[PDB]
Amino acid sequence: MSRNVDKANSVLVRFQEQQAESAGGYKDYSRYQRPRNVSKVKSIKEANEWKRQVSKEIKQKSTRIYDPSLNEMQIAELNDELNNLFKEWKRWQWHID
Amino acid sequence: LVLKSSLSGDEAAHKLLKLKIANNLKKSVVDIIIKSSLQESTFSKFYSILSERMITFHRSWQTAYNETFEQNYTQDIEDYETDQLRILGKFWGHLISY
Amino acid sequence: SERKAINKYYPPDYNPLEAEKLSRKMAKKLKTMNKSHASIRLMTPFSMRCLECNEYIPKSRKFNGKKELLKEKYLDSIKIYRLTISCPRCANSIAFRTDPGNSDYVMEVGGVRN
Amino acid sequence: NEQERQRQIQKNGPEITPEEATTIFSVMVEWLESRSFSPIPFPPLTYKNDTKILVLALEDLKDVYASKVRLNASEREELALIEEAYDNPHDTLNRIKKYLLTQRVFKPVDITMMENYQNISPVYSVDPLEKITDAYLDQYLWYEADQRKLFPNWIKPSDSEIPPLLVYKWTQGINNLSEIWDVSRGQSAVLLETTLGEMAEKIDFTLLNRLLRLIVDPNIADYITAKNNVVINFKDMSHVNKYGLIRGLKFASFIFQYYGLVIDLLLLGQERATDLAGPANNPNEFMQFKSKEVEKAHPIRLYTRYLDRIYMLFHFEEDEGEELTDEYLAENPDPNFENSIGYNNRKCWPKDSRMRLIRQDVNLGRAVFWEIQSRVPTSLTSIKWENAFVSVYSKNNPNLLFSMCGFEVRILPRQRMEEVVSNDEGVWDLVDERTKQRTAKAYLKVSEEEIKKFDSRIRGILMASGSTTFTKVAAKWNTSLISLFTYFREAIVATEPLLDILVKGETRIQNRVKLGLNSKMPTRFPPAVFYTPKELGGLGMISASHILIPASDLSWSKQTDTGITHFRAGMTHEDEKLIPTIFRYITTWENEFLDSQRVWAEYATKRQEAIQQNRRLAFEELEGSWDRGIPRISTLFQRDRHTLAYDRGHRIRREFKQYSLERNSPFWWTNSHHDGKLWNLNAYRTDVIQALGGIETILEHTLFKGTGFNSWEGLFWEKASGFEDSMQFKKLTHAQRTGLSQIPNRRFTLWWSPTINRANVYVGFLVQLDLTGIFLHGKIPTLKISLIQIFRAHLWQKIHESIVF
Amino acid sequence: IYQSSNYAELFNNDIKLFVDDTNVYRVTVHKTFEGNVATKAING
Amino acid sequence: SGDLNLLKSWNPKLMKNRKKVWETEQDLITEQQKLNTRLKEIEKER
Amino acid sequence: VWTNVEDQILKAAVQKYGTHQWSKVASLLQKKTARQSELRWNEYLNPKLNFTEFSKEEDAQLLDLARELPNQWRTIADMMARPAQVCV
Amino acid sequence: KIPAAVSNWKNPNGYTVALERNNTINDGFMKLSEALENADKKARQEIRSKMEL
RNA sequence: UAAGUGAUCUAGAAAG
RNA sequence: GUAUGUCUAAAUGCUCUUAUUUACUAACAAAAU
Ligand SMILES: [Mg+2]
């Protein structure tokens, strides 16, 4: 399990995380992938967390896309990615509450 | 093992003496030694040295040696192949020279 | 606390099978482990030119690549891999495949061998 | 330093004054005339055995690489060249010839120096393309010499007789000299030994060239001289070697020998040399003479140069001795009597048996040495007193001592000996050839230099082995040990220092393996794991350590006289497990020589019989005396003999290999193809297992029973499929690198896990391994990993639960 | 540590036994009215 | 040390991998041969 | 065998690198060898070496040297201040 | 004033530069040669004479 | 007439 | 010796697969008869 990722997703760590989730309510919304279809999330806190995560992602995307080699295609691709992120964020701002 | 786990004959002899086997088995030991000697490709001083050491050590060992010798020329000599026989003879000569 | 550590501490209630099951349940949800292009450190055997900016990355030069499994195996039961690299100057994704028929590699829309 | 020396030489002419050089040349010419030497011509195109010679050279070249698996670029290139040559012999030969003719400028010789920890040696790496040519030259020239009798009987390293054998022969000769041990009329025998110091390092090329011109084709000579005269490189410094022969380049050995011949001639004088040789039409064999009177006449009796370390046996009468002494005194006055002080005596031997310092005997030796020195100019070769040794046999000195080839020999005539005690082991009973009496004794001891070398080798093996697969290390150790023991079989027993070193070296080796396993707890490695062969999963070492070493009164040991009393421990705690010792499976040198003498005679007789009856002598009839002799009888009837008959001057070449290669052969002294396997150690292998209880006992140490097999019969490791067709990706691997299984130590640990990890531990903090019931008494490294692998995915629990179910 | 063409060889005088294990562990699956899929193991 | 890739699984120039590949080929090759002969026979019959 | 462009490149490298750093230079010229490269440099490339011919006196001297240091040719070259092969 | 030296072993910056990178021998070297060649000649002529004899 | 008594080093953990 | 750095506003149970590993790490060390 060299290079840290393996360590992170080693069974023991996972178990610990699960335990934390069970007792006290420590989740790491960084750690899990954000769900595709909203309205399968009855809790508000979770939703908020997800929204926050997406915002963070968007910010990250923004930070990188103004790099100096602007003509490279990665940046262009991200522009679409950025849009997608924005859309997701908007969706997360649903009007149930 | 003792015979073969020993640099000089002297060491081997010492090892043998450590064992302190009964006056019964001395002859047997001698026979074994002889056999070992025969097995080696040509006559080694080692075995002779060992024999000498044994002989000096005690009268019973001398007696045993004598017995072995008697056995050889009488009943065990004709069994051996030539090189082995020659080796044996050489060993005996060495023993008997002094 | 020391790299050659014999036994990692477990809680007093740790049903190992159960734990494993739990992990599995929370592996589909997991971000890492449920993805492709897992990282790797590799030297470059081909010694090739980055097709965009013509940067001549030579033999044995070390990179933090991404190894990914190619689903279409060679023959039947011997896998082949895509091994992504970046050129030092321009950030173009070079990669290569390991087709073991010739005991060597194949370039994959990254650069050219020379 | 070398380049400074060169510069100095350039500045102030050669050390050799021209007149002296001229004189030497004249002497050489005279010698040649006496011998009626046909000079060696330049190789013709349609020379008879040219192709064969080339092939031999190629083979030799291959033998540098055929062993090693790794090859650098240069090595690869060389290999390729060799292959090409093999393919296209005629072309290659032509090319070589052309090179010889024309090429007087050469590529620069880069030098590494090797760490023989006592004293570093140089290694001259010549360019692959020229190297082949050089090899060819070496092959050819030596062959020519052999044919034509360039080198006389006395220059022995060149001869096909093995160093120990040579030594034995020398001893015999010394015993067989007539009236040699008599001390009634004061017949003082002086044995002088010494190195010809810097003999390679102070050859002038011009003089050398001239000398060559006498014996080889002038073109060839020129080629040789230019070749020696190269740009030596090292890292960033480089210098033109303007003076002194380079040892490494292949033919150099021959050149060296030739040079040494001149020195020998100078030492002797002409007439004496001629006498030694014999007549040209039928020359003498080594140390034989056509008559006794002739032998008697001169003061010198026996000569032999060995590789620039000459041995002269002078046999004086009393009157002769006195005169010499007087002369010495005249030369160098001695009122305070400081001739015994600053006199090279042999510290290895003890004060009684070493050369006694009598004011006659000591002086005589010194005088002799002085005379010898006078005989050669210092400029041609440096014969120093610090290098030299003079033993003197007399009425007062009964021990003719000398060090040859790595042996220290003490020839002690039994008429001088007090009580003619039982022949020990180590002693060669020297025999009179006429009467067949064991007339003298000769005690042996491995010379301290050899011991030092051995130690260095051991160190090397140990160092640069933090990785290595335990087994590889073990193998290396075995090789080292085998070299040591096969070289001096008989002569080990006597030397206690060597024994001690062996004990220590072996222990060190063991600890290396134990270092890998991060412990060295003496219980956790019972001799089982080391000496058990690889065919039961062990390292398969070949011990010489479990010997009960001779201890003695160190008070009275170095001093005076000795006897074998009080044995010291030897190497380890044992469970009364007498591990056999390699020495008892090696036939002591005297015995071997006697055997050789017998079976060669027998062979001859057989041949004669065949001739009488008109038949080709079958190899099935000689079976019985098949693996017996020197060379081993079996050297006649191997299926590749015709070509090796043309490989003459091979031993010398092998010896000189040291200067060409980085890691050399540890069995330089012998050579399998010309000699046959001088030892065999399968018996030892067989017996080690027995010593270690039998197979069952060994298994019980191992995890063998845990595999759940009925019995150890028809089990092996790393079997796999056949793998040869797609095996040309490797390089000089010889299809498969090793038939022997390597036993990677990860698995080794597992195999011996049930001994290595065990309850009877001294201080191991008993941790229970993770998710299993497998106690580890201390952190043992690979073992734990293996255990985890075995018991992966909660296997223990599964097992238990399964059982319950 | 380690220890089509040949069809006519099956019917020589030496005794043999084909052994199949395909129908040893057999199951039947069925939905109840509630919805639960009952994987019932059967006699094999 | 020098060439890193030599201590990787994925590296085909690693010897173990090569061996495995050979084995795969050998088995598969054998199978093909077995089938190939049959095919030939069939053709002949036809 | 040495091509001229390659030689030029080598020369350039030497000015860039260092007449005692023959690995990098070798690498730079894909076909030619490290130890060979240095040799080549010694032979042709270095300006201080007088590869060009010289007067009759010099020739005479060279011949004299040849007579009196039997084909000890590197030494002769050194004495001259000339390269070896050319001298030969 | 002291120059700016350039190493034949090191170039930190890699800054290239336009190639900034006794004859008498002792009596012996002639004398020795004379001795040798002359000796050789003597040997030759002497040898010839011997042959004739 | 007298052999064969005793001398017994060690010993693992981290980081590199 | 398993490098490192920037980046951070405050669906539920179910079972079935194994005589393996898309395993990762190379800082560590490098020879023959
Ligand atoms: Mg460090």
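Residues numbered from 1 in each chain as written, not as in the entry; some residues may be left out. Chains lettered and ligands numbered in written order. Part of a larger assembly, values for the part shown. Heavy atoms only, no water. Residues with missing side-chain atoms left out of burial classes, pairs and counts.

Method information in the entry identifies cryo-EM as the source of the structure, with 10.0 Å recorded as the resolution.

To continue, consider the protein's contact with RNA strand J. In the neighbourhood of RNA strand J, 41 residues make up the surrounding shell, with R3 of chain A, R41, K67 and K79 of chain C together with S9 of chain F lying closest. Sugar plus phosphate, as a fraction of atoms of RNA strand J within 4 Å of the protein: 61%. Between RNA strand J and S67 of chain D, the relevant distance is 3.0 Å, taken from a base nitrogen to a main-chain nitrogen or oxygen of the residue. Side-chain polar atom of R792 of chain D to a sugar or linking oxygen of RNA strand J: 3.0 Å apart, as the coordinates give it. Taken together, the elements giving at least two residues each to the surface near RNA strand J come down to α3 (44-65) of chain A, α1 (16-25), β1 (38-43) and β4 (62-69) of chain C together with α16 (470-487) of chain D. Broken down by element, the residue count for the surface near RNA strand J peaks at 4 residues, all from α3 of chain A. In the surface near RNA strand J, the residues fall into 12 nonpolar, 9 polar and 20 charged. (Near = heavy atom within 4 Å. Polar contact = N/O pair within 3.5 Å; in protein donor to acceptor, adjacent residues only side chain to side chain. Helix = DSSP H or I, 4+ residues; strand = E, 2+ residues; numbered from the N terminus. Nonpolar A, V, L, I, M, F, W, Y, C, P; charged D, E, K, R; others polar.)

Attention now moves to a nonpolar patch on the surface. Residues and elements named next belong to chain E. Residues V24, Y25 and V27 make up a contiguous nonpolar surface patch of about 330 Å² in total accessible area. Along the chain, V24 turns up in the segment before β1 (26-28). Overall, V24 belongs to the exposed group, its relative accessible area being 54%. (Patch = residues over 30% accessible without salt bridge, like charges linked within 9 Å, V, L, I, M, F, W, Y side chains within 5 Å. Areas by Shrake-Rupley, 256 points an atom, 1.4 Å probe, with all protein chains shown as cover. Salt bridge = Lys/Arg side-chain N within 4 Å of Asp/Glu carboxyl O. Buried < 20%, exposed > 50% of the residue type's maximum accessible area, 1.4 Å probe, protein only.)

All names here are of chain D. Here 4 strands make up an open sheet; going across it, the order is β6-β7-β3-β8 and the pairing antiparallel. The open sheet is flanked by β6 (300-305) and β8 (389-393), the only strands paired with a single partner. Between one strand and the next, the sheet's axes are offset by a mean angle of 10°, whatever the strand orientation. Sheet topology places β6 next to strand β7 (residues 309-315); 5 bridges connect them, and they run antiparallel. The residue bridging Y303 from the neighbouring strand is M312, located in β7. (Pairing = 2+ DSSP bridges. Axes fitted to C-alpha atoms, helices over the stretch in contact; angles between N-to-C directions.)

Okay, the pairing of strand β12 (residues 440-446) of chain D next. Residues and elements named next belong to chain D. Counted residue by residue, β12 has 7 buried out of 7 residues, so it is predominantly covered. In this structure, strand β10 (residues 407-413) lies alongside β12, joined through 7 bridges in antiparallel fashion. Within the sheet, the bridge partner assigned to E408 lies in β12 and is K445. Pairing of strand β11 (residues 428-430) with β12, which is carried by 3 bridges, proceeds in the antiparallel orientation. Across the sheet, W428 pairs through a bridge with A442, a residue of β12.

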